[PDB]
Amino acid sequence: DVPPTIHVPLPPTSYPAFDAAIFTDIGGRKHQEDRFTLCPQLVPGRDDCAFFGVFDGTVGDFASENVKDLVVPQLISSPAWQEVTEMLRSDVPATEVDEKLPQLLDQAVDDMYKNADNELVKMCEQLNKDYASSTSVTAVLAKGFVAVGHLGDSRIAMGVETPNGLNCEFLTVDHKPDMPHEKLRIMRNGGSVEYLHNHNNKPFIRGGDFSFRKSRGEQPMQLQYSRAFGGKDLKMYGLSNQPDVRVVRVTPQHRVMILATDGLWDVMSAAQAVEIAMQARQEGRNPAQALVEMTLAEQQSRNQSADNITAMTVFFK
Ligand SMILES: [Ca+2]
Ligand SMILES: [Ca+2]
């Protein structure tokens with residue numbers, strides 16, 4: 001019932017509508033909490049649909065390890081997705097498809113996020129995982145459209161060729177606790193946004209019970225992003241599972257999409273990543289591995305302990 005998915009490093013592999021590569025590295029962390037999911041053929045009988053997902057876990061790998069196996073099943077169980085499947089298998093005029101498909105994809109991704117999180121949170125309740133959380137950047141490719149969704153601070157970069165050169169941008173903006181409306185939601189729900197000494201630029205979302213649990217000699221946790229999967233004991237204090245969704249038309253000029261964790265972005269800009277990835281391909285090298293190894297080399301050069309780093313490169317055709 002669920003199409004085959006990939007969750008291990010993937011060297012350069014050619015598919016009908018795109019070529020993909022996936023590489024990850026633990027870096028200098030004591031744990032590997034990054035996870036990912038790639039479904040090459042999302043819709044049986046078709047060869048132009050695929051799912052892409054990368055997950056940056058924190059406070060253990062529980063949330064990222066599990067959510068990765070919940071997204072595809074939840075996605076296709078969506079009544080919204082059933083309508084996507086029915087329309088792709090119908091006579092319905094093309095012009096009409098391309099006109100309705102975007103909102104159907106938007107709604108399906110929305111359903112996926114909320115349903116996958118409800119299921120994950122119930123698991124966290126079962127196994128007593130109070131703060132296990134994970135960011136998410138996902139991409140659903142379907143008949144020339146890519147439905148981008150995300151929660152947290154992992155990002156998706158896009159390389160598009162123009163007559164004046166390669167246009168490189170992020171399709172997602174991080175969910176940070178200090179963004180005015182995020183902060184507003186956290187305080188309305190009894191949580192707070194903490195700006196700690198010497199770290200004014202990276203505030204934390206803190207639960208309303210943090211202080212009490214801290215005095216009880218326990219270990220309440222905080223996050224530096226305001227939306228995510230998991231975070232059981234923060235979901236009632238402002239941590240949202242509402243993803244920002246964006247549907248983009250894959251045009252002839254679209255060259256590459258890069259899904260990666262902050263382990264890559266805290267070091268490289270969108271343009272730098274695309275360039276490195278574009279060059280690697282051009283020279284027959286593993287684009288995703290190039291992104292990770294290049295990042296690790298730079299970190300050493302800076303005397304910086306590297307974070308977990310995961311990169312998934314997708315080249316359109
Ligand atoms: Ca992490
Ligand atoms: Ca990270």
Side-chain angles (χ1 to χ4, degrees), residues 1-24 35-55 67-78 80-89 97-98 101-113 116 136-150 154-160 171-172 243 245-261 274 277 281 286-288 291 310-317:
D1 189 53
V2 177
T5 52
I6 296 169
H7 303 289
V8 294
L10 176 72
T13 305
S14 179
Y15 295 102
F18 62 89
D19 302 325
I22 311 173
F23 195 81
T24 187
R35 291 295 186 285
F36 55 77
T37 297
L38 190 165
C39 189
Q41 170 176 281
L42 190 60
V43 182
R46 296 190 67 83
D47 71 337
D48 66 336
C49 293
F51 175 87
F52 302 98
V54 174
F55 316 96
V67 89
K68 87 181 180 184
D69 306 307
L70 302 179
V71 292
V72 172
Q74 285 296 345
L75 171 64
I76 65 184
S77 296
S78 167
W81 184 258
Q82 307 178 346
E83 312 204 329
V84 166
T85 289
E86 300 184 65
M87 189 178 288
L88 287 174
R89 293 176 180 179
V97 171
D98 284 33
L101 191 55
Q103 283 317 111
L104 287 176
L105 292 177
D106 173 296
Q107 182 63 56
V109 172
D110 198 72
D111 284 0
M112 174 186 85
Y113 270 94
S136 170
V137 281
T138 59
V140 175
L141 171 68
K143 196 186 180 186
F145 287 106
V146 176
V148 176
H150 91 285
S154 286
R155 306 172 180 184
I156 298 184
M158 190 80 99
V160 182
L171 297 176
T172 60
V245 185
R246 176 178 180 182
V247 180
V248 44
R249 294 175 180 278
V250 181
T251 74
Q253 294 66 57
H254 282 257
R255 297 275 174 285
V256 57
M257 178 175 252
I258 301 176
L259 297 83
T261 57
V274 171
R281 193 195 189 193
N286 189 323
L291 284 172
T310 293
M312 182 182 278
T313 49
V314 182
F315 294 87
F316 302 111
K317 288 185 288 188

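Here, residue 1 is the first one in the sequence, and each next residue gets the next number.
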Interatomic distance, CG@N286 vs OG1@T313, rounded to 0.5 Å, equals 6.5 Å
Restricting to side-chain contact (heavy atoms from CB on, under 4.5 Å), what partner residues turn up for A116, sequence neighbours left out? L70, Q74, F229
Hey, could you give me the OG/CE distance between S77 and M112, rounded to the nearest 0.5 Å? 12.0 Å
Rounded at 0.5 Å granularity, tell me how far OH in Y15 sits from CG in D48. 15.5 Å
Do the non-hydrogen side-chain atoms of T5 and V71 ever get within less than 4.5 Å of each other? no
Do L105 and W81 have side chains that approach each other closer than 4.5 Å (heavy atoms only, starting at C-beta)? yes
Looking at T13 and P11, would you say the former's side chain and the latter's main chain have a donor-acceptor pair under 3.5 Å? yes
Minimum heavy-atom distance between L88 and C49, given as atom pair plus value: CD1-SG, 4.2 Å
Which pair of heavy atoms, one from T138 and one from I156, lies closest together, and at what distance? O-CD1, 3.6 Å
Pairwise side-chain contact, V256 with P287, heavy-atom cut-off 4.5 Å (strictly under): no
For side chain to side chain donor-acceptor pair (under 3.5 Å), just list the numbers for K317 and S14, CA-CA rounded to whole Å, side-chain angles, deciding distance to a tenth of an Å, and then say yes or no. CA-CA 10 Å; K317 288 185 288 188; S14 179; 3.0 Å; yes
Measure the shortest side-chain to side-chain distance between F51 and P3 over non-hydrogen atoms and say whether it is less than 4.5 angstrom. no
Spell out, as yes or no, whether a donor-acceptor pair under 3.5 Å connects the side chain of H7 to the backbone of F36. yes
Are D98 and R249 side-chain neighbours, meaning at least one heavy-atom pair lies under 4.5 Å? yes
Side chains of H254 and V146 in contact at under 4.5 Å (non-hydrogen atoms): no
With rounding to the nearest 0.5 angstrom, report the CG to CG distance, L38 to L10. 6.5 Å
Could you tell me whether the side chain of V248 reaches within less than 4.5 Å of the side chain of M158, counting heavy atoms only? yes
Given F145, which of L104, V140, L101 fulfils the side-chain contact (heavy atoms from CB on, under 4.5 Å) condition? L101
What I'd like to find out is whether the side chain of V148 reaches to under 4.5 Å of the side chain of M257, using heavy atoms alone. yes
When you measure from the side chain of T37 to the backbone of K68, do you find a donor-acceptor pair of N or O atoms at a distance under 3.5 Å? yes
For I76 and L42, run side chain to side chain contact (heavy atoms under 4.5 Å, CB included): C-alpha distance rounded to whole Å, both residues' side-chain angles, the deciding distance at 0.1 Å, then the answer. CA-CA 9 Å; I76 65 184; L42 190 60; 4.2 Å; yes
Gap separating the CG atom of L291 from the CZ atom of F23, nearest 0.5 angstrom: 11.0 Å
How close do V137 and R155 get, heavy atom to heavy atom, and via which atoms? CG1-N, 3.5 Å
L75 and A108: which non-hydrogen atoms are nearest, and at how many Å? CD1-O, 3.8 Å
Give me the atom names and distance for the closest heavy-atom approach of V109 to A147. CG2-CB, 3.8 Å
Grab the two heavy atoms, one from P9 and one from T24, that are nearest each other, plus how far apart they are. CG-CG2, 4.3 Å
Rounded to the nearest 0.5 Å, what separation is found between the CG atom of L259 and the CZ atom of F55? 9.5 Å
